[PDB]
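Read the structure below first, then the notes.
Because the Cβ atoms are built from the backbone with ideal geometry, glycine has one as well, and the counts that use them run over all protein chains shown. Derivation of every value follows stated rules applied to the coordinates shown; laboratory data play no part.
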Amino acid sequence: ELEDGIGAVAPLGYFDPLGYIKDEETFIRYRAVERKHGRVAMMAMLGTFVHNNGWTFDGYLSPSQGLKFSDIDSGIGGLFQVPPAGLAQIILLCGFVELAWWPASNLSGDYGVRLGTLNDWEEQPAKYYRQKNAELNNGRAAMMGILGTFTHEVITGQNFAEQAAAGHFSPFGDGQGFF
Amino acid sequence: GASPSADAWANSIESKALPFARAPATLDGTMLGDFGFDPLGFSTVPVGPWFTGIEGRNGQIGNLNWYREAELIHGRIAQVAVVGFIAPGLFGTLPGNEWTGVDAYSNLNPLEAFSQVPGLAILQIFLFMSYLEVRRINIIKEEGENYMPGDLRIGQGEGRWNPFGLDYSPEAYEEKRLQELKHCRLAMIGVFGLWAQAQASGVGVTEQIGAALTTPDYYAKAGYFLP
Amino acid sequence: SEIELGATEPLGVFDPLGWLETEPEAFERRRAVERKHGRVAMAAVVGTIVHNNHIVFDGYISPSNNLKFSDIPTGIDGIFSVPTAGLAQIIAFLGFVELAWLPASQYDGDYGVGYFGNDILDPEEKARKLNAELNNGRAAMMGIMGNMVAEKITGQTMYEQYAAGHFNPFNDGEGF
Amino acid sequence: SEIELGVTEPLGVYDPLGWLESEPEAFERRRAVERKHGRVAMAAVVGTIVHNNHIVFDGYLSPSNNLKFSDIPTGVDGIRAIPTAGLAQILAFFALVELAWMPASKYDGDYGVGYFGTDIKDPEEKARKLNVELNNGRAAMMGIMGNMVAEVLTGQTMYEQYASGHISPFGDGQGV
Amino acid sequence: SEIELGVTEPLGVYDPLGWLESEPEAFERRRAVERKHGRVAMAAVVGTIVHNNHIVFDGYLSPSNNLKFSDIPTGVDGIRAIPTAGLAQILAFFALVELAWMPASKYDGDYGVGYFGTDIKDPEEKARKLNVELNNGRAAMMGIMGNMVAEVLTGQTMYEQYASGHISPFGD
Amino acid sequence: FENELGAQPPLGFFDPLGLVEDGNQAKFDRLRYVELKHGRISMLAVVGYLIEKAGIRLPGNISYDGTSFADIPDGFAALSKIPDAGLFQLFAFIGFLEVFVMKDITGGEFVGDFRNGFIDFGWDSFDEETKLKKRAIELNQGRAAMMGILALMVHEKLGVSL
Ligand code: CLA
Ligand code: CLA
Ligand SMILES: CCCCCCCCCCCCCCCC(=O)OC[C@H](CO[C@@H]1O[C@H](CS(=O)(=O)O)[C@@H](O)[C@H](O)[C@H]1O)OC(=O)CCCCCCCCCCCCCCC
Ligand SMILES: CC(=O)O[C@H]1CC(C)(C)C(=C=C/C(C)=C/C=C/C(C)=C/C=C/C=C(C)/C=C/C=C(\C)C(=O)C[C@@]23O[C@]2(C)C[C@@H](O)CC3(C)C)[C@](C)(O)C1
Ligand code: KC1
Ligand code: KC1
Ligand code: KC1
């Protein structure tokens, strides 16, 4: 919300530098998207932290196709390694949350998820502002991290485990790009 | 209702650096070096001295003294790091002991010369860079709101350190401020290219320019065999 | 307030140099230094237990240098065996934490996060945990200093010394 | 005064550029630069006479590098043969002299000493010796540069040029 | 004109104990001791330079003790190599100077000699040289301790230490 | 700090160094505390050295381990042959004294008065004259004992007979 100053944190303040908020109704649409994109991209960043660390389940993801959990790539192509009979299950459960349980039509972003004494907002309202800003700020940093993780695999061809094993962290002197 | 920065893009005066792009209203003209260059609108969203604590984290409206403070300290370091990227390749290197190891100060690639010199060389440079930043914070503690950006109390005016006299006239002094700022912005671009070429070539810049400003060994004429 | 905390029961307000009555304008920075030196030493003491218990991560901290995490010594020479490009990455991030995230020019030490996130609702349950941070912080200052001088005097790290049973300084080969 | 101190008999006030009234405020540093350059070049001419007379110190400049004093070239490559830790000592001592002891920003050259420790109380005699210091400085400035270009154009030091009988110009000379 | 004779650049007036208005009464002696300790130490660092450059008197100091000038050590133990019949001769003669000829009773430091026999009549000429005698006297006090301390912490004299390349602080 | 317990018929308020030339009571009562803290230890240390040099021992078997009291040497070598299980007990109990029961718990009427109303061997039957010299005795007895015990240890390592 604008009046509490939820997204405006202390390094930059009200960081709308290109002038996109020209009234109050288009802020609530944009914050509903920013908070939703931040919640998706945070679980996307914890995915790449877990996948590129090699932490896999034991057994077969698809035993009728013989596809182990170990032979899914930890990079940007690992989701499509998965058989489409299997990730139709992912789209159908996540689509059921998006329409019924956590309806993404709710622009407020509240879905009542309260983990009680870890947020007693009625007796410490400063913890409300701390946890509301940190949901956006960790979502904004993970939105740029997953755009980092995606394009670093595209321009190098290696995933994050492979380009860190090679020490390939500089776009200069390598055989890739015109630099 | 509207953003505080959407109102600065509503006035949106004519620019000079980007004369097709209509610089925002927060570039008032009253600052040194403002040429109407803010296409991303950072001056509409001004920062405060966050390092002083939480009460300094907010930025005052219309005050870019901390953006200019970070601009001057980036450019003053960048200026002396052009020479640091160049002068070992031009004026030779320093010799080493058996303690530090011979050829420790002798890596003409400036980026892996960071990882070749001893750690006590890097630590004492960092602590000297630390000491003048302690001197900076103690100046911004004392001056506060009347703190001029880039002031380390070195030079001409009030009770500053002036071992050279340096007693400029009061508007040849603002030309020196503009000469400093234009060299700050230029050497920031220059030290980026030095850092990027040292990675891309693997050698120093005198070692890449000097190899390109020389004739190749197969193209060189044998030359001057006429008695 | 802050001038009565740090003063617990077995001694009270303990200032043998008398700088509370002499220079009260320097106290709240000196409390901030005491709290920061405490919090640094508490992570430093806990680090020495974890290092000397041979809890290492895996692999190489610097594969160019061919230097594993277990190749790091568990004593004083451990942070200095880390390569200089690696030590510059620690200090650049710790300067980002100590100037931007938890700015150490903020002298009340209060950075938005509470005690495990929560603000202590009572005022003297707050003062009890404010004293427990200071007292554990003051005890860890002597703990990390007592671990650094006793490594460089006995020549062994804390695993080395404890393996050897070199606990008695009166019947070994030392001074006195 | 300082404006009257550089003028002597055959030329008088001599400025072809005319900066004595074009830039009258830049004069009092430009006198101090002329006096500094003159003082530096006077010791440089006497140094080259001493080096080429083979007056050496009888020892080792750097015994670490097996470098005797007599192994140093007596020409323009003299301090190029000094080891780099040796020029660091020269630059560190004359940082103390050119910034603190006799600071070059003092634009009258009047640091602590007189002429052999004497303050010349006669103003017409003091102006005479101030004229001598400027004129011997101007003569040594031409003297040291014509010494330096005669070495690099012959490839010989001043001892070798007077050993081979090479006073006559193979290039083209200019001297009094 | 003695309370401004040690005041020079960067330090200016330097008194961390604050004795200049804790004891404004005892400054006349305390200046005369600093000047005397400066004059003794200035002739001592010059002594360590002459001794470690092997400038000897090419004869016998004590032919009774069969002892020539080149046999005396050039370090801190050179005063002990002198026989006591000979060092009694120097405290018999400096009793004549420190009590009678230039008595150290005289807290001015001023005797019949001037600066190379001349009286300096321009007053900061004279105060410049008086500041130099104090400052070179102060630097020689810290110089003669740093010679004697660094000798016994290496055991070698200054000639021996420089010949071995023992300048850099390796062991300390 | 002219007339109190250190003031003295041979040497009244000696004070050569720059310690207490001010009115700071809290500086003095800290330094007065440690002077009898050092004196009360060193009084038992003079006696504690000279019973070991005279060879007097406890009747034997300092441990179940087969080490007697006469096997333990005298002087600085006693510290190396005391069994380490028992040398923890010496440091833990002296630490138990120095933390808990050695204090101005209840408030004595002077510095060093550690009677908490628990143990008192008189101190009411004195005529207010005799109290302050009888703790000026133990200040000066503690004064000579710490130069006494420092002489016994500088000369044990030297080897000089005393
Ligand atoms: C999901 C995308 C998204 C959306 C809808 C928003 C929306 C908002 N942000 Mg947030 N933000 C985001 C991601 C997003 N943000 C990310 C990733 C960061 C880290 C860089 C931030 C950092 C940030 C800060 C620090 C602040 C905001 C604030 C705001 C509010 C101010 C209006 C504004 O600037 O709109 C943005 C304009 C648009 C979304 C429309 C333009 C769309 C562009 C043209 C698409 C092109 C993007 C390009 C492909 C990739 C960009 C990355 C690239 C530079 C590498 C508004 C609610 C302010 C606030 O909340 O104040 C109360 C505030 O202070 N944002
Ligand atoms: C170190 C350089 C230097 C500088 C800064 C000066 C400065 C001055 N000279 Mg001096 N002079 C010099 C060297 C210098 N001199 C030398 C070597 C000679 C002997 C040839 C003289 C002979 C001389 C005489 C006879 C007189 C002066 C006078 C003056 C003063 C007049 C102000 C003026 O308008 O001068 C003009 C400005 C300058 C001289 C500085 C400009 C420097 C030029 C542009 C550098 C280029 C030189 C060029 C590269 C040389 C190449 C050839 C060489 C290598 C052989 C001024 C203080 C006059 C005076 O003192 O009256 C009060 C005067 O009567 N000069
Ligand atoms: C309202 C309903 C909402 C439903 C929302 C559901 C969304 C589901 C999540 C979608 C996540 C996003 C997927 C992105 C696609 C991707 O990952 O590619 C997968 C592959 C992986 O390849 C891989 O490459 C690897 C090669 S190597 O091993 O690394 O060498 C290899 O290992 C691997 O097998 C191979 O697969 O990556 C690439 O091909 C790089 C693609 C570069 C970017 C594509 C741009 C997409 C087009 C949009 C452009 C703008 C459009 C506007 C203009 C009209
Ligand atoms: C060199 C090398 O390799 O390393 C070596 C080094 C070294 C040191 C040699 C090693 C070792 C051995 C060590 C360190 C052994 C230490 C063991 C340890 C730490 C043993 C704790 C006992 C406490 C007990 C049983 C508590 C009873 C407590 C009771 C009965 C209570 O009621 C407590 C109480 O609080 C309550 C619960 C209830 C309250 O109402 C009342 C109170 C307050 C009273 C190793 C392992 O060999 C490794
Ligand atoms: C921003 C993303 C990022 C990248 C992409 C990255 C990469 C590398 N890190 Mg770094 N790093 C951080 C961030 C990043 N690091 C952070 C947040 C911290 C906590 C403060 C941190 C700590 C250390 C330490 C202690 C060391 C270190 C190293 C390397 C090196 C390994 C390859 C190699 O060295 O062969 C590669 C290039 C080691 C090193 O520099 O060795 C010379 C080393 O010792 N890192
Ligand atoms: C008045 C004239 C005069 C005579 C005639 C004379 C004679 C002797 N001097 Mg004396 N002397 C001075 C004056 C005179 N000395 C003066 C002004 C000083 C400086 C204050 C001085 C200093 C020393 C020192 C340091 C030593 C010393 C010695 C002898 C000894 C040599 C013969 C021998 O020793 O066989 C003979 C008797 C050495 C010595 O006494 O050795 C046992 C010795 O070490 N002198
Ligand atoms: C309600 C109970 C339930 C049953 C009884 C069931 C059964 C199977 N699932 Mg499972 N599933 C969920 C629930 C259930 N699934 C849920 C809540 C999710 C998260 C949204 C989920 C996700 C995936 C993914 C990613 C894959 C997947 C698969 C299979 C396949 C294994 C044998 C096979 O290989 O056919 C059998 C039929 C794999 C697959 O379909 O491969 C073609 C595969 O890749 N599933």
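Inspect the range A:80-101 for any residue being among the charged types (D, E, K, R) and more than 29 Å from A:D4 (Cα to Cα) and give the result as yes or no. No, there is no match, as no residue in the range A:80-101 is among the charged types (D, E, K, R) and more than 29 Å from A:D4 (Cα to Cα). When the range D:72-125 is examined, which residues are found to be over 27 Å from D:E160 (Cα atoms) and among the small types (G, A, S)? D:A85, D:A88, D:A92, D:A95, D:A100, D:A104, D:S105, D:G109, D:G112, D:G114, D:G117, listed by residue number.
Select from the range D:107-126 the residues that are touching a residue at least 12 places away in the same chain (Cβ under 8 Å) and surrounded by 14 or more Cβ atoms within 10 Å (Cβ to Cβ) and list them in ascending order. D:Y107, D:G109, listed by residue number.
Taking the listed residues E:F93, E:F69, the one that is exposed (fewer than 13 other Cβ atoms within 10 Å of the Cβ), free of Cβ contacts under 8 Å to residues at least 24 places away in the same chain and among the aromatic types (F, W, Y) is E:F93, with no other qualifying.
Residue-wise test of (1) touching a residue at least 24 places away in the same chain (Cβ under 8 Å); (2) under 20 Å from A:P83 (Cα atoms); (3) not aromatic (F, W, Y).
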site: A:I28; (1), (2), (3): yes, no, yes
site: A:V33; (1), (2), (3): no, no, yes
site: A:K36; (1), (2), (3): yes, no, yes
site: A:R39; (1), (2), (3): yes, no, yes
site: A:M42; (1), (2), (3): yes, no, yes
site: A:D58; (1), (2), (3): no, yes, yes
site: A:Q65; (1), (2), (3): no, yes, yes
site: A:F69; (1), (2), (3): no, yes, no
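Is there a residue in the range A:120-138 that is within 14 Å of chain C (Cβ to nearest Cβ), on the phi > 0 side of the Ramachandran plot and assigned to a loop (DSSP other than H, G, I, E, B)? Within the range A:120-138 (the criterion being within 14 Å of chain C (Cβ to nearest Cβ), on the phi > 0 side of the Ramachandran plot and assigned to a loop (DSSP other than H, G, I, E, B)), the answer is no, since none of the residues qualifies.
Screening D:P63 with (1) in contact with a helix residue (DSSP H, G or I) (Cβ under 9 Å, 6 or more places away or on another chain); (2) over 30 Å from B:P95 (Cα atoms); (3) of a type outside the set (A, V, I, L, M, F, W, C); (4) loosely packed, with under 15 Cβ neighbours inside 10 Å gives one miss only, at (2). Residues that are hydrophobic (A, V, I, L, M, F, W, C), touching a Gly at 6+ places or on another chain (Cβ under 9 Å) and either under 16 Å from B:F192 (Cα atoms) or in a loop (DSSP other than H, G, I, E, B) (or both) within the range B:39-71 comprise B:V45, B:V47, B:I54, listed in sequence order.
No other residue among A:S74, A:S64, A:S70, A:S105 is farther than 29 Å from C:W101 by Cβ, more than 16 Å from ligand 3 (Cβ to nearest atom) and assigned to a loop (DSSP other than H, G, I, E, B) apart from A:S64. Residues that are more than 14 Å from every other protein chain (Cβ to nearest Cβ) and not aromatic (F, W, Y): does the range A:158-166 have at least one? Yes - at least one qualifying residue is present in the range A:158-166.
Against the list (1) more than 23 Å from the chain's Cα centre (by Cα); (2) of a type in the set (G, A, S); (3) surrounded by fewer than 13 Cβ atoms within 10 Å (Cβ to Cβ), the condition A:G19 fails is (3).
Checking D:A140, D:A104 one by one, the residue that is within 14 Å of chain B (Cβ to nearest Cβ) and more than 22 Å from E:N136 (Cα to Cα) is D:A104 and no other.
Can you confirm whether the range A:139-154 contains a residue that is in a helix (DSSP H, G or I), more than 23 Å from the chain's Cα centre (by Cα) and either surrounded by 15 or more Cβ atoms within 10 Å (Cβ to Cβ) or more than 14 Å from chain B (Cβ to nearest Cβ) (or both)? Within the range A:139-154 (the criterion being in a helix (DSSP H, G or I), more than 23 Å from the chain's Cα centre (by Cα) and either surrounded by 15 or more Cβ atoms within 10 Å (Cβ to Cβ) or more than 14 Å from chain B (Cβ to nearest Cβ) (or both)), the answer is no, since none of the residues qualifies. Residues in the range C:120-127: is at least one within 14 Å of another protein chain (Cβ to nearest Cβ), away from ligand 6 (no atom under 16 Å from the Cβ) and among the aliphatic types (A, V, I, L, M)? Yes. Scanning the range B:100-146 for residues that are more than 19 Å from B:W195 (Cβ to Cβ), surrounded by 11 or more Cβ atoms within 10 Å (Cβ to Cβ) and aromatic (F, W, Y) yields a single hit, B:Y105.
Just one of the listed residues (B:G101, B:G92) is without any contact (Cβ under 8 Å) to a residue 12 or more places away in the chain and assigned to a loop (DSSP other than H, G, I, E, B), and it is B:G92.
For A:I146, the conditions (1) in contact with a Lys or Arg (Cβ under 8 Å, 6 or more places away or on another chain); (2) within 11 Å of ligand 3 (Cβ to nearest atom) are fulfilled apart from (1). Residue selection: B:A70 satisfies the criterion of being surrounded by fewer than 17 Cβ atoms within 10 Å (Cβ to Cβ) and under 24 Å from C:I90 (Cα atoms). Summed over the range C:88-101, the residues that are within 7 Å of another protein chain (Cβ to nearest Cβ) and within 19 Å of the chain's Cα centre (by Cα) give a count of 1. Residues in the range B:156-204 that are within 22 Å of the chain's Cα centre (by Cα) and aromatic (F, W, Y): 4 in all. None of B:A87, B:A78 is farther than 24 Å from C:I91 by Cβ, part of a helix (DSSP H, G or I) and either away from chain C (no Cβ under 14 Å) or touching a residue at least 24 places away in the same chain (Cβ under 8 Å) (or both) except B:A87. The condition of being more than 16 Å from ligand 4 (Cβ to nearest atom) and more than 25 Å from E:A150 (Cβ to Cβ) holds for only one of E:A81, E:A26, E:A44, that being E:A26. Within the range D:73-87, being in contact (Cβ under 8 Å) with a residue 24 or more places away in the chain and within 14 Å of another protein chain (Cβ to nearest Cβ) holds for one residue alone: D:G86.
Would you pick out the residues in the range A:156-168 that are more than 10 Å from ligand 3 (Cβ to nearest atom), surrounded by fewer than 15 Cβ atoms within 10 Å (Cβ to Cβ) and farther than 16 Å from A:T48 by Cβ? Answer for the range A:156-168, where residues must be more than 10 Å from ligand 3 (Cβ to nearest atom), surrounded by fewer than 15 Cβ atoms within 10 Å (Cβ to Cβ) and farther than 16 Å from A:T48 by Cβ: A:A166, A:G167. Selection of the range B:31-48 for residues being of a type outside the set (S, T, N, Q) and either within 7 Å of chain A (Cβ to nearest Cβ) or in contact with a strand residue (DSSP E or B) (Cβ under 7 Å, 6 or more places away or on another chain) (or both) yields B:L40, B:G41, B:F42, B:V45, B:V47. Where helices (runs of 4 or more DSSP H) sit wholly within the range F:44-162, those with at least 2 residues that are out of contact with any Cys (no Cβ under 7 Å at 6 or more places or on another chain), away from chain C (no Cβ under 14 Å) and of a type in the set (D, E, K, R) occupy F:130-158.
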